> 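Handing you a structure now.
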Amino acid sequence: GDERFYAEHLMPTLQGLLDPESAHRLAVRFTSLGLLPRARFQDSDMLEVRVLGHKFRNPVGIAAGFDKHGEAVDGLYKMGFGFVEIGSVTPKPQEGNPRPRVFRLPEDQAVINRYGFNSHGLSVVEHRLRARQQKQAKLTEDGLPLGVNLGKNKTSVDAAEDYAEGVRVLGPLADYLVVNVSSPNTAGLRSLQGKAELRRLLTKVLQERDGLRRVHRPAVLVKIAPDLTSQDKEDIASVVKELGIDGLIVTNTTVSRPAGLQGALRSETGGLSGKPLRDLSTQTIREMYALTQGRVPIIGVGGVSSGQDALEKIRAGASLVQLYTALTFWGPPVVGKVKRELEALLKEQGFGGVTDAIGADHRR
Ligand SMILES: Cc1cc2nc3c(=O)[nH]c(=O)nc-3n(C[C@H](O)[C@H](O)[C@H](O)COP(=O)(O)O)c2cc1C
Ligand SMILES: O=Cc1ccccc1/C=N/Nc1nc(-c2ccccc2)cs1
Ligand SMILES: O=C(O)c1cc(=O)[nH]c(=O)[nH]1
C-alpha cells in the first residue's frame, strides 16, 4: 500500500496497458475480490461525523460511478472509505453509450466520461444488496453507511416514475438515496433541475420514501451539476427547504471545458471530472451552503485528491466528501493519504475535529 509506489509505478503501468474502461472493469474486479492492501490507517475520532441520521467513522466516501452495480461494496470499505455510494442504477438494465466512452486527460489529472448510465438494473442490484443486507446493517451501525444513487432509463417517458421505482426497490436497502438529476450524459435529464420539474419530481420521491417502513426509510439527497445558473441554484435551495430534502450532493461532472486543459482528448463529449473540476465544485458547495443557511447537509465532491482539497470543501460547507477520479491516477493509497493529511490539517488549524470545521469559512 505504498503511496509513492502506486502513484509512481503501478497505476501508470496499468494505465499504459489498458484503455480506461477496461482498467475500470479490472479495478472493480480486484476490489470486489479484496485484492488490495487492507488499509493500515486507523481512523482517528477527529474524523468521525454524525449526519443524515448516521455515524460516519471518516468523512471520505467513494463517489457514484465507480461501483455502478453494487459489486465491490465490501472491498471499498476495506480500502478505507468511510462510506460507499453505488450507482447510478436505472429501473431496467441498459447498455449505456457506444464505446469508447471514457477518456483520460493525464496532463490535467482529469477524466471525461459519457457512459450514459450503463446499469444492470434495479432487480439485479436489489438481489446483490439483499445477499449482504445484514452485513451492511452491522457496517452501518459500526459507522460505515451505504448510499444508493438512482438514475432513469434512456427511453423512459415519466422520469418521476423511474425514480419512484428506485426508491421502492432500493430504498429499503440504503442508508441514503441520491436522486441524480445532473448526469450530462442522458438527454433532458438536467432539465429536471429546473424549479417546477424538481418540485414535482421530489414531492413524488419523498412520498414514496415516506411510505417505507421506519427501519427501512433512507435519507434522500439530490445530486446537482456544477454548471447551474445562479437562478437554478436559488431555485434548488428553495425547493430543498420547501420539501425537507435531507441533503445535497455537490457536484456531478462538468460539461464545461475550463481554459487551460492540455489533454489531447479535451474536446470529447461528456462530463469532465478531476482536478479541473475542483474549485468549481468547491464554489458550488459554498453557494449552496449559504443559500440553505448551513441547515442542509452537503456531500462535497469534485477533484478531491488530498487532505487540503477535502478540508477546503468541508470549510466551504461540506459535512462529508467523496472522490473518484483521484483513485484512477493515484490508486487505493490515495484514500489513506487524504485521511492522514486531513487529520494533520485539522490539528494545524485548531479544529477539534471534522465537525468543527464544517462551514468554518462562512463564520470568518
Ligand atoms: C467514469 C465516471 C462515471 C461516473 N458515473 C456516475 C454515476 O453513474 N452517477 C453519478 O451520480 N455520478 C457519476 N460520476 C460522477 C462522480 O460521482 C463525481 O460526481 C465526479 O466524478 C466528480 O468527482 P471526482 O472529481 O472526484 O471524480 C461518474 C464519474 C466518472 C469519472
Ligand atoms: O484508468 C482510468 C479509469 C477511468 C474510469 C474509472 C476507472 C479508471 C481506472 N481506475 N483504476 C483503478 N484501479 C484501482 C485499483 C484497485 C485495487 C488495486 C489496484 C488498483 C482502483 S480505481
Ligand atoms: O453514466 C454516466 O455517464 C454518468 C452519470 C453521471 O451522473 N455523471 C457522469 O459523469 N456520467
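If you read the sequence from its start, that first residue is 1, and numbering goes on from there. One-based numbering, in listed order, for ligands and for the atoms of each. For the numbers below, each heavy atom of this structure counts, side chains included, while hydrogens, waters and symmetry mates do not.
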> Name the closest protein heavy atom to atom 20 (C) of ligand 1, giving the residue it belongs to and the distance to 0.1 Å.
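Protein heavy atom with the smallest distance to atom 20 (C) of ligand 1: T253 CG2, 3.8 Å.
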> Under a 4.0 Å heavy-atom limit, does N180 contact ligand 3 with its side chain, its backbone, both, or neither?
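It is the side chain that gets close, since no backbone atom is under 4.0 Å.
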> For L272 and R257, what are the C-alpha separation, side-chain angles and deciding distance, and is it a side chain to side chain contact (heavy atoms under 4.5 Å, CB included)?
CA-CA 8 Å; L272 173 81; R257 294 293 184 268; 3.7 Å; yes
> Would you say the side chains of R286 and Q283 form a donor-acceptor pair under 3.5 Å?
yes
> Would you mind telling me if ligand 1 is within reach of the side chain of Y115, the backbone, both or neither, using heavy atoms under 4.0 Å?
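The part of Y115 near ligand 1 is the side chain, not the backbone.
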> Should you measure from each heavy atom of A23, which atoms of ligand 2 turn up under 4.0 Å away?
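Here the atoms of ligand 2 in question are 1 (O).
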> What part of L277 sits under 4.0 Å from ligand 1 if we count only heavy atoms: the side chain, the backbone, both or neither?
side chain
> Any idea which atoms of ligand 3 are less than 4.0 Å away from a heavy-atom of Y115?
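Reading through ligand 3 atom by atom, the close ones are 1 (O), 2 (C), 3 (O).
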> Short list, please: which atoms of ligand 2 are under 4.0 Å from a heavy atom of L36?
17 (C)
> Any nitrogen or oxygen of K68 lying under 3.5 Å from a nitrogen or oxygen in ligand 1? Just yes or no.
yes
> I need the nearest protein heavy-atom contact for atom 23 (O) of ligand 1: residue, atom name and distance, please.
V301 CG2, 3.2 Å
> Against heavy atoms of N113, which atoms of ligand 3 measure under 4.0 Å?
2 (C), 3 (O), 4 (C), 9 (C), 10 (O), 11 (N)
> If hydrophobic clusters are built from ILVMFWY residues whose side chains come within less than 4.5 Å, do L221 and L150 share one?
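Yes; tracing contacts between hydrophobic side chains, which count when under 4.5 Å, links both residues.
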> Which atoms of ligand 2 have any heavy atom of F66 under 4.0 Å away?
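In order of number, 22 (S).
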> When you measure from atom 6 (C) of ligand 1 to every protein heavy atom, which one gives the shortest distance, and what is it?
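The closest one turns out to be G65 CA, 3.5 Å.
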> Which is it for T31 and ligand 2 at heavy atoms under 4.0 Å: side chain, backbone, both or neither?
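The answer is the side chain.
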> Testing the 3.5 Å rule here: is there a donor-acceptor pair between the side chains of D235 and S238?
no
> Any atoms of ligand 2 less than 4.0 Å from a non-hydrogen atom of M11? List them with their elements.
11 (N), 12 (C), 13 (N)
> How far is atom 21 (O) of ligand 1 from the closest protein heavy atom, and which atom is that?
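Closest protein heavy atom to atom 21 (O) of ligand 1: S273 CB, 3.4 Å.
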> Would the distance check show the side chain of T203 and the main-chain N or O of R199 forming a donor-acceptor pair, the cut-off being under 3.5 Å?
yes
> When you look for heavy atoms under 4.0 Å from ligand 3, do you find them on the side chain of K68, its backbone, both, or neither?
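The answer is the side chain.
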> How far is atom 8 (N) of ligand 3 from its nearest protein heavy atom, and which residue and atom name does that atom have?
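Among all protein heavy atoms, the one nearest atom 8 (N) of ligand 3 is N252 OD1, 2.7 Å.
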> Starting from the C-alpha separation in whole Å, work towards a yes-or-no answer on salt bridge (charged side-chain N to carboxylate O under 4.0 Å, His left out) for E161 and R168.
CA-CA 10 Å; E161 186 59 28; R168 291 193 291 247; 2.6 Å; yes
> Backbone or side chain, does any N or O of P184 fall under 3.5 Å from an N or O of ligand 3?
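No - when backbone and side-chain N and O of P184 are compared with those of ligand 3, no distance drops under 3.5 Å.
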> Identify, by atom number and element, the atoms of ligand 1 in contact range of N252, meaning under 4.0 Å from any of its heavy atoms.
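Those of ligand 1 that fall under 4.0 Å from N252 are 11 (O), 12 (N), 15 (C), 19 (O).
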> Is it the case that ligand 1 has an N or O less than 3.5 angstrom from some N or O of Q322?
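Checking ligand 1 against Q322, no N or O pair falls under 3.5 Å apart.
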> Can an N or O of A326 be found at a distance shorter than 3.5 Å from an N or O of ligand 1?
no
> Which residue supplies the protein heavy atom nearest to atom 1 (O) of ligand 3, what is that atom called, and how far is it?
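Nearest neighbour among protein heavy atoms for atom 1 (O) of ligand 3, to 0.1 Å: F117 N, 2.8 Å.
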> Are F66 and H24 an aromatic pair, judged by ring center distance below 6.0 Å?
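Ring centres of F66 and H24 closer than 6.0 Å.
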> I need the nearest protein heavy-atom contact for atom 13 (N) of ligand 2: residue, atom name and distance, please.
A27 CB, 3.3 Å
> Can you figure out which of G303, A63, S305, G271 has its heavy atom closest to atom 24 (P) of ligand 1?
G303
> Assess whether a salt bridge exists between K135 and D74, defined as any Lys/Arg side-chain N lying under 4.0 Å from an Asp/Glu carboxylate O.
yes
> Tell me: protein heavy atom nearest atom 12 (N) of ligand 1, and distance?
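Result: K223 NZ, 3.0 Å.
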> I want to know if ligand 3 touches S88 in the polar sense, i.e. an N/O pair below 3.5 angstrom.
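N/O-N/O distance below 3.5 Å does not exist for this pair.
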> Mind checking whether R104 has an N or O less than 3.5 Å away from an N or O of ligand 2?
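For ligand 2, there is an N or O atom that lies under 3.5 Å from one belonging to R104.
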> Among all protein heavy atoms in this structure, tell me which lies nearest to atom 11 (O) of ligand 1, with the distance rounded to 0.1 Å.
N149 ND2, 2.8 Å
> Compare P332, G331, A72 and give the one whose heavy atom is closest to atom 19 (C) of ligand 2.
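Going through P332, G331, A72 one by one, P332 has the nearest heavy atom to atom 19 (C) of ligand 2.
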> Determine, using heavy atoms of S183 and all atoms of ligand 3, whether some pair is separated by less than 4.0 Å.
yes
> With respect to atom 28 (C) of ligand 1, which of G270, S119, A64, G300 exhibits the smallest heavy-atom separation?
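Nearest option to atom 28 (C) of ligand 1, by heavy atoms: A64.
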> Between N180 and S182, is any side-chain donor less than 3.5 angstrom from a side-chain acceptor?
yes
> Does at least one non-hydrogen atom of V111 fall below 4.0 angstrom from an atom of ligand 2?
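In this structure, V111 fails to qualify as a contact of ligand 2 - no heavy atom is under 4.0 Å.
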> Salt bridge or not between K55 and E141? Use side-chain N to carboxylate O under 4.0 Å.
no
> Among all protein non-hydrogen atoms, which one is nearest to atom 2 (C) of ligand 3, and what is the separation to 0.1 Å?
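Minimum-distance protein heavy atom for atom 2 (C) of ligand 3 reads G116 N, 3.5 Å.
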> Would one find an N or O of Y324, backbone or side chain, under 3.5 Å from an N or O of ligand 1?
yes
> Relative to the heavy atoms of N185, which atoms of ligand 3 are at a distance of less than 4.0 Å?
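By the 4.0 Å cutoff, the relevant atoms are 2 (C), 3 (O), 4 (C), 9 (C), 11 (N).
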> Does the pair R50/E48 count as a salt bridge with the N-to-O cut at 4.0 Å?
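A salt bridge links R50 with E48.
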> Is a salt bridge present between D162 and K152, judged by a nitrogen-to-oxygen distance below 4.0 Å?
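The answer is no: the pair does not qualify as a salt bridge.
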> Check if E21 has a non-hydrogen atom at a distance under 4.0 Å from any atom of ligand 2.
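Per 4.0 Å heavy-atom rule, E21 does not contact ligand 2.
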> Check the hydrophobic clustering (I, L, V, M, F, W, Y; side-chain heavy atoms under 4.5 Å; chains of links allowed) and say if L212 and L173 are grouped together.
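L212 clusters together with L173.
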> For atom 27 (O) of ligand 1, which protein heavy atom lies nearest, and how many Å away is it?
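Checked against all protein heavy atoms, atom 27 (O) of ligand 1 sits closest to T325 OG1, 2.6 Å.
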> Return yes if a side-chain donor-acceptor contact under 3.5 Å exists between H362 and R315, otherwise no.
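There is no such pair between these side chains.
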> Taking 4.0 angstrom as the limit and counting only heavy atoms of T328, give me the atoms of ligand 2 inside it, by number and element.
3 (C), 6 (C), 7 (C), 8 (C), 9 (C), 10 (N)
> Under 4.5 Å between side-chain heavy atoms, hopping through other hydrophobics if needed: is there a path connecting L35 to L26?
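They do share one cluster, since a chain of ILVMFWY contacts under 4.5 Å joins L35 to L26.
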> Taking 4.0 angstrom as the limit, do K347 and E343 come out as a salt bridge?
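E343 and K347: salt-bridged.
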> Starting from atom 9 (N) of ligand 1, locate the nearest protein heavy atom and write down its residue, its atom name and how far away it is, to 0.1 Å.
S88 OG, 2.8 Å
> What I want to know is whether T253 and ligand 3 share at least one N or O pair that is separated by under 3.5 angstrom.
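Yes; the residue has a nitrogen or oxygen that sits under 3.5 Å from a nitrogen or oxygen of the ligand.
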